[PDB]
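J.: This one is an experimental structure. Sequence first:
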Amino acid sequence: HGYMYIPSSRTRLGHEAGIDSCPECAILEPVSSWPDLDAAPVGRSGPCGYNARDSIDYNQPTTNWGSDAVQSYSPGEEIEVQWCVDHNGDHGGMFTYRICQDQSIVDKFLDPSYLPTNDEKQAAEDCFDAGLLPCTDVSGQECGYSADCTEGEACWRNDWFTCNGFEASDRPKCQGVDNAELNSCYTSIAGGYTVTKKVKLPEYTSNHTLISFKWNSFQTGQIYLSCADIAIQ
Ligand SMILES: OC[C@H]1O[C@H](O[C@H]2[C@H](O)[C@@H](O)[C@@H](O)O[C@@H]2CO)[C@H](O)[C@@H](O)[C@@H]1O
Ligand SMILES: *[C@@H]1O[C@H](CO)[C@@H](O)[C@H](O)[C@H]1NC(C)=O
Ligand SMILES: [Zn+2]
Ligand SMILES: [Zn+2]
Ligand SMILES: [Zn+2]
Ligand SMILES: [Zn+2]
Ligand SMILES: [Zn+2]
Ligand SMILES: [Zn+2]
Ligand SMILES: [Zn+2]
Ligand SMILES: [Zn+2]
């Protein structure tokens, strides 16, 4: 249970606008989430997420999200990205952020009068995967391998970020990355913890595009997706 927090995702805005009672609940399941992190179809979840709790499809703007960029950045800027994990749903695993560099694809997700089909969601997901923002593009950022993976498996990749080990004595799981205080970010079930990293934005301009967060579980078959509206100018 988690969602993207900084920049402010559509899911965060759905919470703050009073629409989404459980932002951390928007989940892609059942799926195979491990060890192949990208094979599972995204279905109705798409790159922005679908929350079954209040029947919210974040792939479509509404009055409450998706209308405009929440934040503006520069091409190639190294930026803070943060997600929020619920205390009762800290799965460990691996996560990443992606930007699709095909504006015409993205445009179908920016139209309050249009809901992308599942096929359009998948074509967009493939563009996002091509646009993954590697951990290793940020000088000095330590980009390790998961304690839940072995070399030779499709999870053995340090373009994705990893949470800390599930079984670690000290600072386990995703909460252990920042070791922040409880309620450092909002979740509805048991309160949230921040999970913070840096990414290098692409050398690409847009007045309105998306960054999509993806978090895959290792111990259960579950993926969490969110997306934030951004500008790169
Ligand atoms: O407090 C009002 C809120 O209650 C329920 O949502 C809870 C949910 O039951 C918990 O599992 C967790 O997600 O916190 C939620 C927010 O309090 C109702 O389902 C919801 O409709 C209502 O707004
Ligand atoms: C953003 O919109 C302004 C006004 O139309 C325009 O001048 C500029 O080129 C646009 N930027 C991009 C990256 O398309
Ligand atoms: Zn969960
Ligand atoms: Zn709040
Ligand atoms: Zn794959
Ligand atoms: Zn600029
Ligand atoms: Zn605890
Ligand atoms: Zn295009
Ligand atoms: Zn294995
Ligand atoms: Zn086990």
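T.: Noted; the coordinates are in hand. Numbering: from 1, shown residues only. Ligands and ions are numbered 1, 2, ... in the order given.
J.: what residues does this protein put near ligand 2?
T.: The chain comes close to ligand 2 at residues 205-207, 233, as judged by Cβ under 6 Å from any ligand atom. Any C-beta I mention is one placed from the backbone N, CA and C, and that applies to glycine too.
J.: Distance of the residue of the chain most remote from its centre relative to ligand 3?
T.: The outermost residue of the chain relative to its centre, with distances by Cα atoms, centre = their mean, is residue 169 at 26.7 Å. Separation of residue 169 from ligand 3 (Cβ to the ion, to the nearest Å): 23 Å.
J.: That residue: which element?
T.: For residue 169, there is no host helix or strand (DSSP states H and E).
J.: Make sure residue 129 is indeed in a strand.
T.: No: counting by DSSP: H, G, I helix; E, B strand; the rest coil, one finds residue 129 to be helix, located in no strand.
J.: Thought residue 38 was touching it, still the case?
T.: Yes: if you go by Cβ atoms under 8 Å, residue 129 and residue 38 touch, sitting 5.5 Å apart.
J.: mind listing what residue 7 touches?
T.: If you count contacts by Cβ atoms under 8 Å, 6 or more residues apart in numbering, residue 7 has them with 70-71, 81, 211, 228, 230.
J.: one more time with 10 Å, if that's ok
T.: By Cβ atoms under 10 Å, 6 or more residues apart in numbering, the contact list for residue 7 reads 69-73, 79-82, 211, 228-230.
J.: of the residues you listed, closest to ligand 5?
T.: residue 211 (20.7 Å; Cβ to the ion).
J.: Walk me through which strands the host helix or strand of that closest one pairs with, and which way each runs.
T.: Assessed by DSSP H and E, residue 211 sits inside strand 206-216. Sheet partners assigned to strand 206-216 using DSSP bridges are listed as strand 94-98 (antiparallel), strand 223-232 (antiparallel).
J.: Can you say which of these is nearest to residue 135?
T.: Across the strands paired with strand 206-216, residue 135 has its closest neighbour in strand 94-98 (8.1 Å, Cβ to Cβ).
J.: Residue 227 and residue 42 touch, don't they?
T.: No: using Cβ atoms under 10 Å, residue 227 is not in contact with residue 42; the gap is 11.6 Å.
J.: residue ranges for the helices of this protein, please.
T.: 10-16, 103-107, 118-130, 175-178 (DSSP state H).
J.: And residue 225, how far from residue 174?
T.: In this view, residue 225 and residue 174 are 16 Å apart by Cβ to Cβ, to the nearest Å.
J.: what does the protein have sitting close to ligand 3?
T.: Residues of the chain found near ligand 3 (Cβ under 5 Å from the ion) are 1, 89.
J.: what do residue 227 and residue 42 both touch?
T.: Counting by Cβ under 10 Å, 6+ apart, the residues touching both residue 227 and residue 42 are 48-49, 59, 124, 128, 212, 214.
J.: Which member of these is positioned nearest residue 220?
T.: residue 214 (15.7 Å).
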